[PDB]
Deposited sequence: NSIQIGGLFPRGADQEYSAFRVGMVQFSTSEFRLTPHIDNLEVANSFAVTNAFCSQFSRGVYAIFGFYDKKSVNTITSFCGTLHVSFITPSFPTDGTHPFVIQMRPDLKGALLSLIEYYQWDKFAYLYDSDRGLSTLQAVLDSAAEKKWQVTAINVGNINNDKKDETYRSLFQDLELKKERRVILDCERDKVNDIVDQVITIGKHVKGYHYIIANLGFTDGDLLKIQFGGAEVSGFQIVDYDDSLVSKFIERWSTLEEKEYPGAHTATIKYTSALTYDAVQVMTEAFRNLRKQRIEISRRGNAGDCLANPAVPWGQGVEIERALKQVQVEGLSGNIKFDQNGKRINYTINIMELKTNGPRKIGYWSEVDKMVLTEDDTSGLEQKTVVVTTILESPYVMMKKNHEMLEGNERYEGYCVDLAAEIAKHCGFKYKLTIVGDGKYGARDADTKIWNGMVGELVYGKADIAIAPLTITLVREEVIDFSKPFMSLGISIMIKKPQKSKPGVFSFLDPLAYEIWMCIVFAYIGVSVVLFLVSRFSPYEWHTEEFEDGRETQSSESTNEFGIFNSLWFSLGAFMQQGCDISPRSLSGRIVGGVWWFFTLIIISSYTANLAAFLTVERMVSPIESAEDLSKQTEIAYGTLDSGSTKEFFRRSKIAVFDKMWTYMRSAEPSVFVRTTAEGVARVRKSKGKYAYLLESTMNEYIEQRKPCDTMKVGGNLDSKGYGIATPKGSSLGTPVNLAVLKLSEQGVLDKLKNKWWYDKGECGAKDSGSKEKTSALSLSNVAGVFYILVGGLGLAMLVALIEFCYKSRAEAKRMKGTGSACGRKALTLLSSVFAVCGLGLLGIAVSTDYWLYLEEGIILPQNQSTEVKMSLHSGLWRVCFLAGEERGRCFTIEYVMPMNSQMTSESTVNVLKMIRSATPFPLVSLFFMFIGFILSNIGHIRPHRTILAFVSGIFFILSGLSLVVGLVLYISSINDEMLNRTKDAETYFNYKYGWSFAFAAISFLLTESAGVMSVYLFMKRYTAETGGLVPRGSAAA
């Protein structure tokens, strides 16, 4: 008896080329699932076979014009082959011309998404419930309360008062942390400043606990996709199929209410969700950061999942039911013994043994299914790592302060302070005047950039950029030219920002007017050491200078933030902002002005004692 000619198509992992395919001849060139299946059927039916490949590379369809078949269905009908052992779907139009066996594999439409990965949080992500502009203003308000509580306590008739500057910074730190205090204010003016600082720290701590609970609750409500119902109702993730095939024709003629709504989305969608081939459809899933899902066959979805780089995952269940079968020509002697051989292999578990060998045992994603089990939700050390770093760094600093003050006291035991306090008061005052005087004149305060993204390419293109000041605006990228207008010379939202910068104008000018008064009285007190009231009055103008600058910065930053708030959001437009080095000089000028006001009071008390 003569050999049976077997036709097959090249698909992985069904039939693949072996590596030594130039050096081998005959049936040993090939390997795969269908090669091992052809050896099993030929053992039961009892024939010899020569294994070939279809020349066209198609599965089989009828031309509407010429009414002829192509592919593997063509080689069966027109006589070129005797059996077709290949992933050939049992359909109606193929059943009328050839004979299929019972199915040896069941499959359907499935869903491919990108695998969820774990992103490590930042080390200082515990600071996230409040903006960084609040954490800066708490430190400014802490210095402001501690200086005023000193001045309002150590007056000229003071009795036996205790609130020096070292006790005042320790009282305010204990009140903010709600840890109690060793001593309390007893004067009526001391209780006013102590009472308002209690109401400040009550609102801030309750705002941190409340907004942190809002982060952890919204993150817990986020649930992934696990069915085809969830894709239909949820429209931040795009999904599409291949451009021409049986998968697209399924959603077209369907009448199921779930699948009608999915074809309504894929019909009217800009840009195209349909891809041209399978490799293009997988490549969109891997790079779109979890925003794209792909619909394909159930067996290719399980094969790509077991390959490197191991970054895709199959979710849900199948949407329909199909089958693959062995095909013979109509009216052949191989019709019945092939059909009994498939049912015999299916009951001895041999068909389930070959699927485990090619899909999983040659899997490069080694035992990936074990990693899908673990899931929990609690705080870990990655969330609160930066709190321990501040604790270690605080203990290391206390070792250094205990060491250098140990050697400083031993050296002392085994009008110098008046002269050193005189010279330190003057250097901080000149640096206090000069740093604010530069900052008001210059105009590098706020940077603003507005741009538009380019989709599907990961690139942004700006349209406008500038830097602004209190009176002068110079475009850095406006008309690609360094043109400079005043704020009165107008020309959208960026116009409304520039008007609010003009609103908070007077408060730095109040502070600059007050330091210049205190600078004159401080030098003429150094000229004439008699009439010692000049040092105490000059200290008050330094403290009123800094508190006038605090309400200037709070009202400035508040006027900036709400102008980004009222604008309409878009998915294609980004808007950023950034401070400048003039804003840093105003904040540094606060630190030098308050510190020079404290030294003037110690200059008063040490000089009034000698008088």
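- Coordinate coverage of the deposited sequence breaks at 1-382, 541-557, 814-821, 899-906, 1027-1038, these segments carrying no C-alpha atoms.
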